[PDB]
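Containing mmCIF, C-alpha atoms and all ligand atoms: final_6.cif.
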```
data_structure
loop_
_atom_site.label_atom_id
_atom_site.label_comp_id
_atom_site.auth_asym_id
_atom_site.auth_seq_id
_atom_site.Cartn_x
_atom_site.Cartn_y
_atom_site.Cartn_z
CA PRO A 1 13.92 -104.63 -99.17
CA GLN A 2 10.64 -104.12 -101.00
CA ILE A 3 10.46 -105.46 -104.51
CA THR A 4 7.76 -104.32 -106.90
CA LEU A 5 6.68 -106.67 -109.70
CA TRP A 6 6.56 -104.38 -112.76
CA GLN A 7 9.54 -106.38 -114.02
CA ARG A 8 10.92 -109.85 -113.19
CA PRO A 9 12.08 -109.99 -109.54
CA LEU A 10 15.68 -110.80 -110.48
CA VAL A 11 18.38 -110.75 -107.80
CA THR A 12 22.02 -111.78 -107.43
CA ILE A 13 22.73 -114.94 -105.49
CA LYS A 14 26.05 -116.46 -104.49
CA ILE A 15 26.62 -120.19 -104.40
CA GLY A 16 29.96 -121.99 -104.59
CA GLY A 17 31.86 -118.71 -104.45
CA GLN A 18 30.06 -117.62 -107.61
CA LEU A 19 27.50 -114.95 -108.42
CA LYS A 20 24.39 -115.70 -110.45
CA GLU A 21 21.06 -114.12 -111.41
CA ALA A 22 17.98 -115.73 -110.00
CA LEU A 23 14.26 -115.07 -109.82
CA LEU A 24 12.38 -114.84 -106.51
CA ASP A 25 9.42 -117.12 -107.26
CA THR A 26 6.69 -117.40 -104.62
CA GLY A 27 4.97 -119.85 -106.94
CA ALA A 28 7.88 -122.31 -106.75
CA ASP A 29 7.82 -124.72 -103.81
CA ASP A 30 11.49 -125.38 -104.39
CA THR A 31 14.70 -123.77 -105.58
CA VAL A 32 16.11 -125.03 -108.89
CA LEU A 33 19.22 -123.75 -110.65
CA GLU A 34 20.64 -124.23 -114.13
CA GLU A 35 23.13 -127.02 -114.75
CA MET A 36 26.13 -126.55 -112.44
CA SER A 37 28.38 -128.40 -109.98
CA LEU A 38 27.63 -128.88 -106.29
CA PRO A 39 29.41 -131.02 -103.64
CA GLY A 40 28.25 -134.17 -101.90
CA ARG A 41 25.69 -136.72 -102.97
CA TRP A 42 22.39 -135.87 -104.60
CA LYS A 43 19.00 -137.56 -104.67
CA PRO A 44 16.36 -137.90 -107.43
CA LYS A 45 13.51 -135.39 -107.49
CA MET A 46 10.46 -134.74 -109.65
CA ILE A 47 9.21 -131.15 -109.74
CA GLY A 48 6.09 -130.22 -111.67
CA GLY A 49 6.00 -127.19 -113.91
CA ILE A 50 3.58 -125.47 -116.23
CA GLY A 51 4.37 -128.03 -118.94
CA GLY A 52 4.87 -131.21 -116.93
CA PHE A 53 7.24 -132.88 -114.46
CA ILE A 54 11.01 -132.97 -114.97
CA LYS A 55 13.94 -134.84 -113.44
CA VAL A 56 16.33 -132.83 -111.27
CA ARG A 57 19.23 -133.45 -108.92
CA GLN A 58 18.70 -132.71 -105.25
CA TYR A 59 21.53 -131.54 -103.02
CA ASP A 60 20.79 -130.78 -99.37
CA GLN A 61 22.22 -128.24 -96.89
CA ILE A 62 23.83 -126.10 -99.57
CA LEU A 63 25.11 -122.63 -98.72
CA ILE A 64 23.48 -119.86 -100.77
CA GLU A 65 23.42 -116.08 -100.42
CA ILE A 66 20.39 -114.18 -101.68
CA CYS A 67 20.62 -110.38 -101.68
CA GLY A 68 23.20 -110.68 -98.95
CA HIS A 69 21.03 -113.00 -96.89
CA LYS A 70 22.88 -116.22 -96.13
CA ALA A 71 20.73 -119.33 -96.27
CA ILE A 72 21.43 -123.02 -96.14
CA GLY A 73 19.01 -125.42 -97.74
CA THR A 74 18.02 -127.84 -100.45
CA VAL A 75 19.03 -126.78 -103.94
CA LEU A 76 17.85 -128.59 -107.04
CA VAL A 77 19.84 -128.69 -110.23
CA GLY A 78 18.27 -129.29 -113.61
CA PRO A 79 16.94 -127.89 -116.91
CA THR A 80 15.04 -124.83 -115.71
CA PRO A 81 14.23 -121.75 -117.84
CA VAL A 82 16.10 -119.59 -115.29
CA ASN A 83 17.57 -119.84 -111.81
CA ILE A 84 14.56 -120.08 -109.50
CA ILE A 85 14.69 -119.28 -105.80
CA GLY A 86 11.68 -120.99 -104.23
CA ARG A 87 9.73 -120.94 -100.98
CA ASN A 88 12.13 -123.26 -99.16
CA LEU A 89 14.69 -120.44 -99.30
CA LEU A 90 12.38 -117.43 -99.48
CA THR A 91 11.08 -118.49 -96.05
CA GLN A 92 14.64 -118.50 -94.74
CA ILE A 93 15.31 -114.87 -95.65
CA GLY A 94 11.96 -113.80 -94.21
CA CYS A 95 10.34 -113.00 -97.54
CA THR A 96 6.60 -112.40 -97.52
CA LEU A 97 3.98 -111.11 -99.98
CA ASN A 98 2.24 -107.84 -99.22
CA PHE A 99 -0.59 -105.75 -100.68
CA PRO B 1 -2.67 -108.41 -96.03
CA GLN B 2 0.67 -110.05 -95.37
CA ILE B 3 1.07 -113.55 -96.79
CA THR B 4 3.77 -115.98 -95.59
CA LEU B 5 5.52 -118.58 -97.71
CA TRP B 6 5.49 -121.56 -95.34
CA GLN B 7 2.73 -122.83 -97.62
CA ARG B 8 1.74 -122.05 -101.19
CA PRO B 9 0.24 -118.53 -101.28
CA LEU B 10 -3.18 -119.52 -102.61
CA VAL B 11 -5.97 -116.97 -102.57
CA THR B 12 -9.59 -116.65 -103.60
CA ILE B 13 -10.43 -114.75 -106.77
CA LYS B 14 -13.63 -113.79 -108.57
CA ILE B 15 -13.68 -113.87 -112.35
CA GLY B 16 -16.60 -114.19 -114.72
CA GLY B 17 -18.85 -114.36 -111.69
CA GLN B 18 -17.03 -117.50 -110.59
CA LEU B 19 -15.09 -117.98 -107.35
CA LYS B 20 -11.74 -119.74 -107.66
CA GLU B 21 -8.52 -120.48 -105.80
CA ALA B 22 -5.36 -119.20 -107.49
CA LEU B 23 -1.62 -119.12 -106.86
CA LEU B 24 0.10 -115.73 -106.37
CA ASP B 25 3.21 -116.34 -108.51
CA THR B 26 5.91 -113.65 -108.69
CA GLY B 27 7.74 -116.01 -111.04
CA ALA B 28 4.87 -115.74 -113.52
CA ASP B 29 4.77 -113.05 -116.20
CA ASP B 30 1.14 -113.87 -117.05
CA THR B 31 -2.04 -115.07 -115.39
CA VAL B 32 -3.19 -118.44 -116.62
CA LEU B 33 -6.37 -120.15 -115.47
CA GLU B 34 -7.66 -123.70 -115.92
CA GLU B 35 -10.14 -124.34 -118.75
CA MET B 36 -13.17 -122.00 -118.53
CA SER B 37 -15.23 -119.53 -120.56
CA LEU B 38 -14.42 -115.83 -120.77
CA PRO B 39 -16.15 -113.02 -122.70
CA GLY B 40 -14.90 -111.38 -125.87
CA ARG B 41 -12.20 -112.14 -128.43
CA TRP B 42 -9.14 -114.34 -127.89
CA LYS B 43 -5.80 -115.04 -129.59
CA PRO B 44 -3.79 -118.30 -129.27
CA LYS B 45 -0.55 -118.16 -127.28
CA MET B 46 2.26 -120.40 -126.09
CA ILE B 47 3.64 -120.03 -122.60
CA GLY B 48 6.46 -122.05 -121.11
CA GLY B 49 8.22 -122.88 -117.87
CA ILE B 50 9.49 -125.96 -116.08
CA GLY B 51 8.26 -128.85 -118.18
CA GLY B 52 7.93 -126.91 -121.43
CA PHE B 53 5.16 -125.02 -123.22
CA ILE B 54 1.37 -125.27 -123.33
CA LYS B 55 -1.18 -123.69 -125.66
CA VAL B 56 -3.66 -121.24 -124.19
CA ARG B 57 -6.22 -118.69 -125.23
CA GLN B 58 -5.48 -115.06 -124.47
CA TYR B 59 -8.33 -112.76 -123.47
CA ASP B 60 -7.57 -109.10 -122.85
CA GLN B 61 -9.22 -106.48 -120.64
CA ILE B 62 -10.79 -109.06 -118.33
CA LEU B 63 -12.06 -108.02 -114.90
CA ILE B 64 -10.70 -109.80 -111.83
CA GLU B 65 -11.05 -109.45 -108.09
CA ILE B 66 -8.26 -110.77 -105.86
CA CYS B 67 -8.79 -110.64 -102.08
CA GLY B 68 -11.27 -107.83 -102.58
CA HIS B 69 -8.98 -105.84 -104.86
CA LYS B 70 -10.44 -105.15 -108.29
CA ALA B 71 -8.02 -105.21 -111.22
CA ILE B 72 -8.07 -105.35 -114.98
CA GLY B 73 -5.71 -107.24 -117.24
CA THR B 74 -4.93 -110.05 -119.67
CA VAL B 75 -5.97 -113.56 -118.68
CA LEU B 76 -4.84 -116.83 -120.27
CA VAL B 77 -7.01 -119.98 -120.27
CA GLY B 78 -5.56 -123.41 -120.87
CA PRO B 79 -4.22 -126.73 -119.50
CA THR B 80 -2.39 -125.20 -116.52
CA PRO B 81 -2.08 -127.55 -113.52
CA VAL B 82 -3.05 -124.80 -111.05
CA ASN B 83 -4.64 -121.38 -111.37
CA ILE B 84 -1.89 -118.79 -111.40
CA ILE B 85 -2.04 -115.03 -110.93
CA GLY B 86 0.96 -113.53 -112.72
CA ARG B 87 2.84 -110.27 -112.32
CA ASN B 88 0.56 -108.63 -114.89
CA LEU B 89 -2.15 -108.62 -112.21
CA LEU B 90 -0.16 -108.69 -108.94
CA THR B 91 1.07 -105.18 -109.76
CA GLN B 92 -2.50 -103.89 -110.05
CA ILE B 93 -3.35 -104.93 -106.51
CA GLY B 94 -0.19 -103.37 -105.16
CA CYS B 95 1.48 -106.68 -104.33
CA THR B 96 5.18 -106.66 -103.40
CA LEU B 97 7.87 -108.94 -102.00
CA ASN B 98 9.37 -107.97 -98.66
CA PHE B 99 12.17 -109.29 -96.49
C1 LIG C 101 8.05 -116.31 -119.20
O1 LIG C 101 7.32 -117.45 -118.73
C2 LIG C 101 6.66 -117.44 -117.55
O2 LIG C 101 6.64 -116.44 -116.78
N1 LIG C 101 6.01 -118.58 -117.22
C3 LIG C 101 5.23 -118.84 -116.00
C4 LIG C 101 5.89 -120.04 -115.26
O3 LIG C 101 5.93 -121.16 -115.78
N2 LIG C 101 6.42 -119.79 -114.03
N3 LIG C 101 7.43 -120.48 -113.38
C5 LIG C 101 8.65 -120.89 -114.15
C6 LIG C 101 9.40 -119.75 -114.74
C7 LIG C 101 10.06 -118.84 -113.87
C8 LIG C 101 10.75 -117.73 -114.42
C9 LIG C 101 10.78 -117.54 -115.84
BR1 LIG C 101 11.67 -116.05 -116.57
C10 LIG C 101 10.12 -118.47 -116.71
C11 LIG C 101 9.43 -119.57 -116.16
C12 LIG C 101 7.29 -121.66 -112.62
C13 LIG C 101 6.15 -122.05 -111.65
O4 LIG C 101 6.14 -121.18 -110.54
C14 LIG C 101 4.68 -122.14 -112.23
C15 LIG C 101 3.84 -123.28 -111.66
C16 LIG C 101 3.25 -123.17 -110.34
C17 LIG C 101 2.50 -124.27 -109.79
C18 LIG C 101 2.33 -125.48 -110.55
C19 LIG C 101 2.91 -125.59 -111.87
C20 LIG C 101 3.66 -124.50 -112.41
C21 LIG C 101 6.69 -123.46 -111.21
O5 LIG C 101 7.26 -124.17 -112.06
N4 LIG C 101 6.50 -123.93 -109.96
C22 LIG C 101 6.94 -125.28 -109.58
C23 LIG C 101 8.38 -125.44 -109.19
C24 LIG C 101 9.54 -124.74 -109.65
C25 LIG C 101 10.82 -125.10 -109.09
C26 LIG C 101 10.90 -126.14 -108.10
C27 LIG C 101 9.72 -126.83 -107.65
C28 LIG C 101 8.47 -126.46 -108.22
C29 LIG C 101 7.09 -127.02 -107.92
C30 LIG C 101 6.16 -125.88 -108.38
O6 LIG C 101 6.09 -124.95 -107.30
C31 LIG C 101 3.71 -119.00 -116.39
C32 LIG C 101 3.58 -120.15 -117.41
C33 LIG C 101 2.81 -119.29 -115.19
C34 LIG C 101 3.14 -117.73 -117.08
#
```

Rendering of file as structure tokens:
Amino acid sequence: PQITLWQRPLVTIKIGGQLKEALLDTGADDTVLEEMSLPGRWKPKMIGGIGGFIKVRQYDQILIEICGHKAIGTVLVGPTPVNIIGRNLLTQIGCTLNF
Amino acid sequence: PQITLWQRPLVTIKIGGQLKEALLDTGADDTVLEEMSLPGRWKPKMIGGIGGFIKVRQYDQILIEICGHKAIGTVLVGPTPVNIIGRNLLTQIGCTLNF
């Protein structure tokens, strides 16, 4: 699809059999979701935001649907303002910027 | 132009007669630039994201030129770790997300 930016680019994702609202963020190198439960082991990760770096859990090879596009990648879990879908997954669904 | 997301979508901008590199961020409501001088009146503002909030100065009706495209809008100046072009300006240059 083509998404304009007059409002927040919010879309429905599906992870762990559940639906959530997430923001397509080309400015985010990674994908970080609000506190939740994911399977397997996780690793430590420091992501830097507008106000500093925070601690987050890193799970790899996680299944996640974005606007019907199935993707499998790294998903970070932590205290983010909103669910953020980053470049690591935006590149998997073939998302590009255009003007 | 069409910009991919394999790498951060950084572009050149011209503001206040100065050339700068900035990050096209669809996950950004506003445009915030690193410490610099801008013309006119300003009002203090607090913006937040991963890591928390930072204090910035808000200047309105500021001219900007992104990849040759002239635009007008609000610009925030403060301790941001990277120059960021927010949705408030991306819309003016006709920028959209496609996949
Ligand atoms: C209403 O408030 C706002 O619009 N604030 C904006 C904002 O903070 N944007 N979002 C966060 C956010 C998204 C949606 C909503 Br709803 C609210 C906040 C994040 C950001 O793109 C900015 C950023 C980019 C580069 C360096 C540092 C920070 C970011 O944090 N990027 C990092 C990131 C995120 C997840 C995983 C890894 C990494 C690494 C880096 O790419 C504003 C302050 C620019 C205006």

Problem - Exercise answer, 7 Å around ligand LIG 101 (chain C) with all atoms listed in the file, as a PyMOL selection string - result: (chain A and resi 23+25+27-32+47-50+81-82+84+86) or (chain B and resi 25+27-32+47-50+81-82+84+86)

Exercise for the section: In Å, rounded to a single decimal, give me how far CA of residue 37 (chain A) is from CA of residue 26 (chain B). Expected result: 26.9 Å

Problem - Expected answer as a PyMOL selection string: all residues with atoms within 9 Å of (31.3, -126.9, -104.7), all atoms listed in the file - result: chain A and resi 15-17+37-40

Practice task
State, in Å with one decimal place, the distance from CA of residue 70 (chain B) to CA of residue 99 (chain A).
Solution key: 12.5 Å

Problem - Atom-to-atom span, CA of residue 87 (chain B) and CA of residue 13 (chain A), Å - result: 21.5 Å

Completion exercise
Among A:46, A:77, A:33, A:24, residue 93 (chain A) is approached most closely, using all atoms listed in the file, by A:24

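Matched residue by residue, the Cα atoms of chain B sit on those of chain A with an RMSD of 0.5 Å after a least-squares fit.
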
Please complete region 11-28 of chain A with N, CA, C and O atoms and give it back as an mmCIF file, keeping the file's coordinate frame.
```cif
data_model
loop_
_atom_site.group_PDB
_atom_site.id
_atom_site.type_symbol
_atom_site.label_atom_id
_atom_site.label_comp_id
_atom_site.auth_asym_id
_atom_site.auth_seq_id
_atom_site.Cartn_x
_atom_site.Cartn_y
_atom_site.Cartn_z
ATOM 1 N N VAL A 11 17.377 -111.155 -108.778
ATOM 2 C CA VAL A 11 18.380 -110.750 -107.800
ATOM 3 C C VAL A 11 19.666 -111.555 -107.966
ATOM 4 O O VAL A 11 19.678 -112.584 -108.629
ATOM 5 N N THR A 12 20.747 -111.084 -107.354
ATOM 6 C CA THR A 12 22.020 -111.780 -107.430
ATOM 7 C C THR A 12 22.160 -112.743 -106.264
ATOM 8 O O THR A 12 21.910 -112.382 -105.109
ATOM 9 N N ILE A 13 22.521 -113.984 -106.561
ATOM 10 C CA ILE A 13 22.730 -114.940 -105.490
ATOM 11 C C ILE A 13 24.192 -115.337 -105.558
ATOM 12 O O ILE A 13 24.876 -115.008 -106.521
ATOM 13 N N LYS A 14 24.672 -116.020 -104.530
ATOM 14 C CA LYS A 14 26.050 -116.460 -104.490
ATOM 15 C C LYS A 14 26.029 -117.886 -103.973
ATOM 16 O O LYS A 14 25.507 -118.161 -102.896
ATOM 17 N N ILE A 15 26.586 -118.790 -104.758
ATOM 18 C CA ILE A 15 26.620 -120.190 -104.400
ATOM 19 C C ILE A 15 27.915 -120.768 -104.972
ATOM 20 O O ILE A 15 28.200 -120.606 -106.148
ATOM 21 N N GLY A 16 28.701 -121.425 -104.127
ATOM 22 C CA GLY A 16 29.960 -121.990 -104.590
ATOM 23 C C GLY A 16 30.953 -120.894 -104.952
ATOM 24 O O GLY A 16 31.700 -121.020 -105.915
ATOM 25 N N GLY A 17 30.959 -119.815 -104.178
ATOM 26 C CA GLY A 17 31.860 -118.710 -104.450
ATOM 27 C C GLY A 17 31.540 -117.958 -105.725
ATOM 28 O O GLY A 17 32.296 -117.071 -106.133
ATOM 29 N N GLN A 18 30.427 -118.296 -106.368
ATOM 30 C CA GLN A 18 30.060 -117.620 -107.610
ATOM 31 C C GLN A 18 28.758 -116.840 -107.556
ATOM 32 O O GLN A 18 27.831 -117.186 -106.822
ATOM 33 N N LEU A 19 28.700 -115.776 -108.349
ATOM 34 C CA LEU A 19 27.500 -114.950 -108.420
ATOM 35 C C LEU A 19 26.641 -115.363 -109.608
ATOM 36 O O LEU A 19 27.155 -115.685 -110.683
ATOM 37 N N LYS A 20 25.328 -115.361 -109.398
ATOM 38 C CA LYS A 20 24.390 -115.700 -110.450
ATOM 39 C C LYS A 20 23.134 -114.824 -110.342
ATOM 40 O O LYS A 20 22.931 -114.109 -109.349
ATOM 41 N N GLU A 21 22.307 -114.868 -111.380
ATOM 42 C CA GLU A 21 21.060 -114.120 -111.410
ATOM 43 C C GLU A 21 19.990 -115.149 -111.170
ATOM 44 O O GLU A 21 20.010 -116.230 -111.770
ATOM 45 N N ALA A 22 19.051 -114.817 -110.300
ATOM 46 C CA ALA A 22 17.980 -115.730 -110.000
ATOM 47 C C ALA A 22 16.674 -114.961 -109.811
ATOM 48 O O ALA A 22 16.668 -113.748 -109.551
ATOM 49 N N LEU A 23 15.569 -115.678 -109.950
ATOM 50 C CA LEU A 23 14.260 -115.070 -109.820
ATOM 51 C C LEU A 23 13.595 -115.518 -108.526
ATOM 52 O O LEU A 23 13.568 -116.709 -108.223
ATOM 53 N N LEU A 24 13.085 -114.552 -107.759
ATOM 54 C CA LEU A 24 12.380 -114.840 -106.510
ATOM 55 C C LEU A 24 10.984 -115.253 -106.960
ATOM 56 O O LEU A 24 10.207 -114.418 -107.423
ATOM 57 N N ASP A 25 10.678 -116.539 -106.806
ATOM 58 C CA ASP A 25 9.420 -117.120 -107.260
ATOM 59 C C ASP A 25 8.520 -117.697 -106.168
ATOM 60 O O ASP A 25 8.659 -118.862 -105.800
ATOM 61 N N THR A 26 7.579 -116.907 -105.665
ATOM 62 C CA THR A 26 6.690 -117.400 -104.620
ATOM 63 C C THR A 26 5.828 -118.562 -105.113
ATOM 64 O O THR A 26 5.242 -119.287 -104.318
ATOM 65 N N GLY A 27 5.750 -118.747 -106.421
ATOM 66 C CA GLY A 27 4.970 -119.850 -106.940
ATOM 67 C C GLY A 27 5.738 -121.173 -106.988
ATOM 68 O O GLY A 27 5.169 -122.232 -107.258
ATOM 69 N N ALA A 28 7.040 -121.116 -106.723
ATOM 70 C CA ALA A 28 7.880 -122.310 -106.750
ATOM 71 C C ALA A 28 8.027 -122.862 -105.337
ATOM 72 O O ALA A 28 8.415 -122.140 -104.427
#
```
